[PDB]
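The chain below stands alone and is given in structure tokens; this is the form deposited in one PDB entry.
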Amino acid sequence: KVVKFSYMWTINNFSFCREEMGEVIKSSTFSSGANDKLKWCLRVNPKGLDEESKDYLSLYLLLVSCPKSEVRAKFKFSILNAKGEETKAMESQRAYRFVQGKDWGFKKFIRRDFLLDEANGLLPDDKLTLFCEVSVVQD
């Protein structure tokens, strides 16, 4: 009942990203394969969206293009370590209804103090590498 795909996105020179609270770093579009008609992007708020989330990095999956009115999808995000291995993930508890231009994600994906702590190895060589797995419900 689902078609599963994944995507990685490396944000080089992460410490040079000057985005403040409410601002966004956006990935290029991606899809499940060359024949896929859907287009998706990731959007990261490195200092959250508002005062109550400013201590988190927020991460969203955005449906950029789809042929019909809606797409239902489950999704999971993780950060890759220096070996390109998944660390902790955060995964949606169900499929969510996307329409063109709609996002779903986690406002509190990771605490900034955890992300920035050298002990955790999440910014190797000043790169933030995000990994997204999506399970698209087939219509």
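Take the two forms, find the largest set of C-alpha atoms that superpose within 1.5 Å, and that set is the rigid core. Position 1 is the first residue in the sequence shown; the rest follow in order.
Not on display, but discussed next: the form deposited in another entry.
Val24: CA moves less than 2 Å between the shown form and the other one after rigid-core fitting. Between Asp125 and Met21, the Cα spacing is smaller in the other entry than in the shown form, differing by no less than 3 Å. Compared with the form shown here, the C-alpha atoms of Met21 and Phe30 sit at least 3 Å closer together in the other entry.
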